[PDB]
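Novice: Can you keep this structure in mind? I'll have questions shortly.
2 protein chains.
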Amino acid sequence: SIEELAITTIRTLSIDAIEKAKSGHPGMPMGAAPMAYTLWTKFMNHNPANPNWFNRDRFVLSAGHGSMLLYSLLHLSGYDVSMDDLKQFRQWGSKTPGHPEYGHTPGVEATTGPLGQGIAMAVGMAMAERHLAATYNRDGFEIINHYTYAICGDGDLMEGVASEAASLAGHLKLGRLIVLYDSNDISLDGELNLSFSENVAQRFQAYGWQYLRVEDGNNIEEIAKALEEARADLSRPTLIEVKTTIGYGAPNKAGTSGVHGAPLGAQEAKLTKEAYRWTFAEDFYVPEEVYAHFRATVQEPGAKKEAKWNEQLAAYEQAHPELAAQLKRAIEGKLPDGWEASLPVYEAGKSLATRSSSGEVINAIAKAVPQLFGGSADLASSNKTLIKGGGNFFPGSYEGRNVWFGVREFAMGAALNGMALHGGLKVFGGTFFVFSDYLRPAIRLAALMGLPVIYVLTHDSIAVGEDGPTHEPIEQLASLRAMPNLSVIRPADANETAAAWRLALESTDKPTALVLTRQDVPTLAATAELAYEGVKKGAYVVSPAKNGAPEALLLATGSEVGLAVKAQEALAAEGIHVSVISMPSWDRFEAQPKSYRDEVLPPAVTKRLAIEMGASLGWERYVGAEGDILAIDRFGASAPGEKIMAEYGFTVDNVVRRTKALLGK
Amino acid sequence: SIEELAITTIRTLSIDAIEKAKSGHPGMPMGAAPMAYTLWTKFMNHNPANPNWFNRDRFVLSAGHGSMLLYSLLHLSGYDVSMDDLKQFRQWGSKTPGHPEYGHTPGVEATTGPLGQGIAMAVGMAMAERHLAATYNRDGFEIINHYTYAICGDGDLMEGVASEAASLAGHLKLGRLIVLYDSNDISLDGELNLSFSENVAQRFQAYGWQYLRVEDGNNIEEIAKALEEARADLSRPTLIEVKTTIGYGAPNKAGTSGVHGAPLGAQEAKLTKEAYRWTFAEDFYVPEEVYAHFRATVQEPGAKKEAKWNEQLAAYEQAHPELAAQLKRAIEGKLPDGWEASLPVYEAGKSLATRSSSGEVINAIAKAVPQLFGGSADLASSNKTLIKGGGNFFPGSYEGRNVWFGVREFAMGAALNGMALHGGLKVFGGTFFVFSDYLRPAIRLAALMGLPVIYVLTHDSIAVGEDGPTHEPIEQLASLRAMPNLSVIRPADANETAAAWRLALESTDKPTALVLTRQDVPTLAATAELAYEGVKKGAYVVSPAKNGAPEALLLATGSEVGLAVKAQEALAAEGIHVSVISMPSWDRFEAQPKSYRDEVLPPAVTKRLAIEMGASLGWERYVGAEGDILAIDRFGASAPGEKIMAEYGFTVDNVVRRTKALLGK
Ligand SMILES: Cc1ncc(C[n+]2csc(CCOP(=O)(O)OP(=O)(O)O)c2C)c(N)n1
Ligand SMILES: Cc1ncc(C[n+]2csc(CCOP(=O)(O)OP(=O)(O)O)c2C)c(N)n1
Ligand SMILES: [Cl-]
Ligand SMILES: [Cl-]
Ligand SMILES: [Cl-]
Ligand SMILES: [Cl-]
Ligand SMILES: [Mg+2]
Ligand SMILES: [Mg+2]
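Chains as they are written, first to last, in the authors' numbering: chain B, 4 to 668; chain A, 4 to 668.
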């Protein structure tokens with residue numbers, strides 16, 4: 004049968020590439036190839052000629068170690084994955100990295116490897132599909148309509164982020180999300196029973212999922228059957244548990260954890276090929292009949308599906324020209340001409356938390372930017388993230404723009420990544436800066452994939468006060484500044500906050516963390532003028548010395564900028580002139596040339612005090628060896644916030660006092 | 004009824020404390036007072052006169068926003084929490100912080116606030132209780148035998164950490180763990196149905212838990228019946244869903260999310276006490292007959308119980324004097340005198356990954372230190388954590404010392420906090436450094452509570468190779484360096500690894516992260532002699548300049564110390580003389596006096612190159628303004644590790660070219 008031979012071809016390309024690499028994970032591709040074959044050639048709607056076709060079904064390999072299965076299917080389907088690419092598995096600069104990397108392989112929809120997260124990112128994709136369908140499907144035109152598939156394994160189902168995401172997806176009745184569970188009773192350290200014994204069916208049923216079981220993971224009629232039932236039932240996400248033998252066919256290693264994560268070896272790979280009836284003498288061998296089978300089943304149907312969808316789009320264009328022009332910009336990642344003029348501008352004196360001015364920026368933008376979409380992990384009323392009038396994102400009204408993620412920071416991070424990968428949306432999530440730790444691995448995959456997600460991180464310091472040190476960030480700032488390709492902006496007032504929002508929405512290729520206060524911040528007088536370009540360049544001179552030549556520089560961020568300005572005013576009354584530097588974003592300031600940075604931090608002004616309510620790690624770069632740091636390198640406390648700040652030294656007097664010491668006065 | 008009157012006292016005290024603080028969370032205490040009084044006064048075995056009684060039931064309030072419910076029961080029961088303490092809720096330095104703080108309050112077993120983690124810490128405590136029962140109990144002496152209780156809310160049960168922990172606890176059949184779920188259909192933003200609609204009972208049964216439902220959370224008899232059923236089924240852990248009205252008794256605010264986290268206000272407070280029939284008209288008032296009731300239900304029974312256990316203990320001493328002697332030492336936190344003699348010492352040049360030398364050290368410490376208990380998150384084969392011959396921690400064999408946490412990093416981390424809090428064990432957990440992000444919030448809780456937990460974090464760098472950038476740490480070091488009260492050690496070789504393990508085990512008041520390699524690192528010349536004092540001082544000259552007069556300093560950590568010594572050798576062969584500095588721990592170095600710091604880092608020697616395969620943040624502190632940093636501020640790649648390290652510039656020839664450039668040579 005041609006189906007069997009395609010499946011053996013997949014199994015054997017995967018083995019050989021892993022042998023040549025002397026590295027990788029054979030056991031999962033060997034057992035999962037039939038289910039992956041069946042989904043890829045019989046149910047999934049995609050076009051190898053255009054992996055960016057916007058209405059394609061989205062596929063996610065959550066069990067990322069199995070990546071040679073993905074690459075085998077990509078290559079045989081005619082994606083731009085060549086045979087030489089498969090012979091470069093796990094090699095420097097290749098298009099077949101050991102775990103799936105989005106942006107490095109055509110057709111790969113998401114970077115996985117960190118277990119659990121792929122499922123949750125698929126949930127994100129399925130949410131973007133329903134929200135987009137409800138925004139653009141009008142008057143008989145079903146322009147957004149597609150499934151989200153994922154293959155996961157035992158480890159994915161032990162990770163909490165996948166529990167969070169399954170709960171959320173079932174709650175939202177995401178009927179177009181179908182997960183195939185590679186259920187092989189094996190994890191990395193040995194038998195599944197070492198660590199895991201849940202009734203997975205009963206658990207996914209408690210979330211509101213359709214559960215289906217495949218007894219024989221090699222029987223493609225039982226698999227295709229399960230897939231038909233899953234695609235039929237659009238009222239619930241589906242989990243298809245497919246019982247497999249890890250390393251199926253290896254006479255000595257099938258069913259053992261030894262086959263999870265190291266090459267079969269030349270001896271056992273020979274015996275496996277014999278067990279497969281794979282007669283052929285050559286390695287990396289694909290019979291022409293297999294390329295032909297894949298042409299017939301995938302390449303050629305895929306191009307007609309997309310052609311036929313291009314026809315429906317052209318008619319929608321003519322029927323609904325504005326709506327289609329909006330959709331086309333959304334797909335292209337563009338914002339509506341002139342949206343930015345809708346941003347608020349705040350006068351000096353006006354005092355409100357930067358979480359509150361964030362709240363106002365959001366609603367101001369939300370009208371001008373239809374593509375904005377997001378929410379909070381059960382803190383909308385504290386983070387100030389609600390889009391008023393925007394609607395609740397619910398199965399009865401997927402057009403609603405407010406997502407109620409629940410107390411699931413980590414699912415929220417990864418769903419956000421998934422929505423951004425889908426395309427068509429600008430997306431944000433809110434929580435307390437301290438609990439940004441709960442989604443830390445999702446922030447990392449955003450950075451690695453270069454996804455311009457936006458984190459709304461409020462309650463940024465010890466000024467939080469009474470809820471105490473579990474709720475008071477100290478190190479989180481430093482911990483994000485050290486992450487590559489993560490933009491971090493801690494705006495100093497309402498105007499820097501609108502600037503920060505603007506830059507974050509203009510980002511195309513990296514996540515932005517917005518660090519915001521619980522407590523009021525009075526608006527500075529220069530920021531209305533300078534914030535957008537000032538924040539654009541990471542740091543600037545928000546308040547220059549009045550006598551032009553500063554005797555020392557005060558360096559501050561967020562709320563502390565106001566503190567430093569009031570110290571400046573006290574100091575100049577005494578005849579001591581300093582320049583205050585706002586430093587809303589280290590990463591963007593380091594992106595500028597030294598010509599600019601030297602205009603902000605003039606080398607001749609060696610006396611520099613840093614002022615920031617957070618760990619000191621890193622501050623020596625900017626204050627230098629004659630400078631001083633006023634920071635916090637200890638945990639906080641449970642007390643009114645202005646009192647903590649005082650006992651920790653963030654007072655006008657102590658700033659003046661430390662500045663005077665720097666100058667020998 | 005005296006029962007009602009005590010329950011109403013709890014409620015009023017909670018309301019009054021929040022009013023006076025003008026901050027706090029009345030909703031949960033108001034709804035959950037009955038269940039907590041029932042557990043506290045009728046089932047828990049505890050002694051207010053000794054909160055450290057070792058065989059007490061352990062209680063954790065996972066829903067830590069309800070702190071005043073805990074402080075009320077502690078005050079009323081005769082723990083060292085005064086009325087003045089209750090009147091200082093949420094104030095500076097007070098014994099009643101806004102969320103419970105272990106070590107800041109008598110009777111408080113864990114710091115909570117961050118949702119989900121309370122349940123998983125309680126799982127760890129129950130794990131501790133069974134490992135210690137299996138170790139010390141003998142026929143006729145069930146000397147270790149007590150329950151673990153927690154109270155959680157809806158938010159706890161959305162958190163991934165509590166799904167992981169529940170799964171593991173069901174798998175481990177921890178029948179003595181009983182969780183009371185305050186099920187009030189409300190969360191912080193509104194109704195539970197915004198975000199959460201699952202069948203909790205069905206999910207928890209899928210884990211292997213017993214599920215019990217109390218329909219009227221004010222009926223203390225129905226609560227008592229569930230606790231009796233739950234305490235009687237020791238084959239499974241129990242979840243009791245207690246249907247409660249949040250803010251019960253407040254005629255306006257009961258059952259709304261506005262009573263979650265703000266004071267009632269004086270009006271609603273008056274109206275609430277009216278509904279309760281509380282007519283004393285004095286804030287912070289306790290009827291004398293309520294104290295007397297708690298003294299009859301808690302104080303006197305508690306002293307009798309500990310006293311009976313102490314009689315038991317002395318009987319156990321007589322019949323099993325050696326085990327009783329070992330038990331007493333474990334309880335008091337001591338290590339077997341002389342244990343450190345057992346640590347291995349490695350000849351120079353012996354070449355071994357520090358994960359493998361960690362493995363060796365682990366089994367050396369384990370043979371000499373019975374109380375060592377630990378495991379990995381499905382990465383024992385790769386982290387090298389297995390205790391050989393130590394047995395498997397299962398219900399067959401709770402005396403087994405190897406714990407299979409599964410792919411549950413965060414539950415692992417939180418459960419380690421639980422075991423350290425219980426007392427009597429030295430605990431560790433293994434996973435990839437890059438996946439330490441998955442347990443970040445529990446690392447923070449260890450630091451905050453000062454628990455000498457040990458993290459075994461292998462695969463520390465790009466040397467990991469073919470698995471790619473999702474698996475290669477970059478920023479993790481900087482992220483842990485910035486955290487208060489966390490010790491981070493990245494040993495240079497096998498001897499610094501031995502010394503690191505020794506210091507992490509010797510710790511009493513802070514956790515320790517061990518940053519270990521995948522790849523071999525040769526053992527340096529001088530570490531056999533210098534490692535212990537050297538790592539103890541955080542940084543030390545490991546290879547001083549041959550001629551005694553350094554032209555520059557090479558600063559390095561971990562596997563890069565090797566590289567630095569080769570460069571030094573090459574440099575010396577051209578007439579250039581540099582000193583090499585090992586810095587296994589920044590935190591330990593900063594704890595040295597300046598006189599010693601200036602001796603390792605002579606202010607005279609301005610020309611310094613730091614060398615570390617991770618983010619640059621904070622190295623300017625040690626290289627200074629005329630310094631240079633050879634670091635990695637980008638993500639990694641999929642390739643053989645050697646290939647990546649060379650492309651990223653960690654080669655002998657490149658360190659030499661940098662050093663010469665520093666010296667204008
Ligand atoms: C978050 C995370 N933790 C740990 C790992 C290491 N790891 C990779 S696969 C795996 C488990 C393998 O078991 P399963 O998912 O059942 O896959 P199978 O071996 O059956 O292919 C683990 C722990 C990981 N990649 N991500
Ligand atoms: C990890 C984490 N996320 C968010 C918060 C903020 N927060 C505190 S309580 C809560 C949820 C409130 O619901 P529930 O747990 O049901 O408590 P109830 O209001 O019913 O007392 C949230 C999100 C937190 N403390 N920790
Ligand atoms: Cl608040
Ligand atoms: Cl104790
Ligand atoms: Cl203590
Ligand atoms: Cl004995
Ligand atoms: Mg498996
Ligand atoms: Mg609730």
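For every residue, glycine included, the Cβ atom is placed at its ideal position computed from N, Cα and C.
With a CB to CB cut of under 8 Å and the five nearest residues on each side skipped, what residues in its chain are close to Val491 (chain B)?
Specialist: Same-chain partners within the cutoff: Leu480, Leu483, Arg484, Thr515, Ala516, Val518, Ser588, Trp589, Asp590.
Novice: Just curious, the beta strand (DSSP E) that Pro525 (chain A) is in, first and last residue?
Specialist: From DSSP, the beta strand (DSSP E) with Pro525 (chain A) extends over 523-525.
Novice: If the criterion is Cβ atoms closer than 7 Å, does the pair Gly416 (chain A) and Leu442 (chain A) meet it?
Specialist: Contact: yes.
Novice: Answer yes or no: does any C-beta atom of chain B fall closer than 7 Å to that of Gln329 (chain A)?
Specialist: False, the Cβ-Cβ gap to chain B never drops below 7 Å.
Novice: In three-state DSSP terms, what is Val410 (chain A)?
Specialist: The answer is coil: DSSP assigns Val410 (chain A) none of H, G, I, E or B.
Novice: Distance, Cα to Cα, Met130 (chain B) vs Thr434 (chain A)?
Specialist: Distance between the alpha carbons of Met130 (chain B) and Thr434 (chain A) is about 32 Å.
Novice: Have a look at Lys256 (chain A) and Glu271 (chain A) and give me their C-alpha separation to the nearest angstrom.
Specialist: Between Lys256 (chain A) and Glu271 (chain A), the C-alpha separation is close to 8 Å.
Novice: Using the three-state DSSP reduction, which class does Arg611 (chain B) fall into: helix, strand or coil?
Specialist: If DSSP states are grouped into helix, strand and coil, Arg611 (chain B) belongs with the strands.
Novice: Measuring from the CB of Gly392 (chain A), is there a heavy atom of ligand 4 at a distance below 6 Å?
Specialist: Not so, every heavy atom of ligand 4 lies at least 6 Å from the Cβ.
Novice: Keeping to the same chain, check which residues put their C-beta closer than 7 Å to that of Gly377 (chain A); ignore five residues upstream and five downstream.
Specialist: Closer than 7 Å at Cβ, skipping near neighbours: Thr388, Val406, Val430, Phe431, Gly432.
Novice: Is there contact between the region 489-507 of chain A and the region 560-576 of chain A, where contact requires at least three CB pairs shorter than 8 Å?
Specialist: Yes, since at least three Cβ pairs between the region 489-507 of chain A and the region 560-576 of chain A fall closer than 8 Å, the two stretches touch.
Novice: Between B:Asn366, B:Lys353, B:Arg411, which lies nearest to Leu197 (chain A) when the distance is taken from Cα to Cα?
Specialist: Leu197 (chain A) has its Cα closest to that of B:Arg411, out of B:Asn366, B:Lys353, B:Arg411.
Novice: Compute the distance between the beta-carbons of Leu195 (chain B) and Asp157 (chain B), then report whether it is under 7 Å.
Specialist: Yes; because the gap between Cβ atoms is below 7 Å, this pair is in contact.
Novice: Would the beta-carbon of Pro29 (chain A) be found less than 6 Å away from any heavy atom of ligand 2?
Specialist: Not so, every heavy atom of ligand 2 lies at least 6 Å from the Cβ.
Novice: Put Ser585 (chain B) into one of helix, strand or coil per three-state DSSP.
Specialist: It is a strand residue.
Novice: For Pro117 (chain B) and chain A, any beta-carbon pair shorter than 7 Å?
Specialist: Yes - at least one Cβ of chain A is within 7 Å of the one on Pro117 (chain B).
Novice: What residue range does the alpha helix (DSSP H) around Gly362 (chain A) cover?
Specialist: Its alpha helix (DSSP H) spans residues 357-371.
Novice: Expressed to the nearest angstrom, what Euclidean distance is found between the alpha-carbon atoms of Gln94 (chain A) and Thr520 (chain B)?
Specialist: Computed Cα separation, rounded: 21 Å.
Novice: Less than 7 Å between the beta carbons of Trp281 (chain A) and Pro240 (chain A), yes or no?
Specialist: Contact flag unset, no.
Novice: Starting from the beta carbon of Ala485 (chain B), find every residue of chain A whose beta carbon is closer than 7 Å, and list them in chain order.
Specialist: Residues of chain A passing the Cβ test: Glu478, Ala481, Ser482, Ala618, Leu620.
Novice: Could you work out which residue in B:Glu145, B:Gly427, B:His296 is closest to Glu320 (chain B) when comparing CA atoms only?
Specialist: Checking every option, the nearest Cα to that of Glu320 (chain B) belongs to B:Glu145.
Novice: Assign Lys597 (chain A) to one of two classes, buried (16 or more other C-beta atoms within 10 Å of its C-beta) or exposed (fewer than that).
Specialist: Counting Cβ neighbours within 10 Å, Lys597 (chain A) comes out exposed, since fewer than 16 surround it.
Novice: What does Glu623 (chain A) touch in chain B if you count any residue whose Cβ is under 7 Å from its own?
Specialist: In chain order: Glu623, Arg624.
Novice: Rank A:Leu633, A:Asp636, A:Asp19 by C-alpha distance to the C-alpha of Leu267 (chain A) and give the top, closest one.
Specialist: Taking only the C-alpha atoms, the option nearest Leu267 (chain A) is A:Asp19.
Novice: So, are the CB atoms of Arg505 (chain A) and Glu343 (chain A) less than 7 Å apart?
Specialist: Yes, they are a contact pair.
Novice: Taking the alpha carbon of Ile243 (chain A) as the reference point, which residue from A:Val364, A:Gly258, A:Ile226 has its own alpha carbon closest?
Specialist: It is A:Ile226 whose Cα lies nearest to the Cα of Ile243 (chain A).
Novice: What's the call for residue 670 (chain B), buried or exposed, on a 16-neighbour Cβ count within 10 Å?
Specialist: In the structure as shown, chain B starts at 4 and stops at 668, and residue 670 (chain B) therefore has no counterpart that could be examined.
Novice: At a threshold of 6 Å, does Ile249 (chain A) count as lining ligand 2 (C-beta to nearest heavy atom)?
Specialist: At least one heavy atom of ligand 2 is nearer than 6 Å to the Cβ of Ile249 (chain A), so yes.
Novice: Please tell me whether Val164 (chain A) has its Cβ less than 7 Å away from any Cβ of chain B.
Specialist: Interface residue, yes.
Novice: How is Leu183 (chain A) classed by DSSP in three states: helix, strand or coil?
Specialist: Looking at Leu183 (chain A) - three-state DSSP - the assignment turns out to be strand.
Novice: Taking 7 Å as the threshold (C-beta atoms), are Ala450 (chain B) and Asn488 (chain B) in contact?
Specialist: Yes; because the gap between Cβ atoms is below 7 Å, this pair is in contact.
Novice: Among residues of its own chain, excluding the 5 on either side of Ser170 (chain B), which ones have a beta-carbon nearer than 6 Å to its beta-carbon?
Specialist: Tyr210, listed in sequence order.
Novice: Drop a sphere of 10 angstroms on the beta-carbon of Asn386 (chain B), count the other beta-carbons inside from all chains shown, and report buried for 16 or more, exposed for fewer.
Specialist: Counting Cβ neighbours within 10 Å, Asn386 (chain B) comes out buried, since at least 16 surround it.
Novice: Using only the alpha-carbon positions, how far apart do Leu346 (chain B) and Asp340 (chain B) sit?
Specialist: Their Cα atoms are separated by approximately 14 Å.
Novice: Is it true that the region 58-70 of chain A meets the region 275-291 of chain A, where meeting means three or more beta-carbon pairs spaced less than 8 Å apart?
Specialist: Contact fails: fewer than three Cβ-Cβ distances are below 8 Å.
Novice: Check whether the region 519-535 of chain B touches the region 659-667 of chain B, taking contact to mean three or more Cβ pairs, one atom from each stretch, closer than 8 Å.
Specialist: They do not touch, by the three-pair rule.
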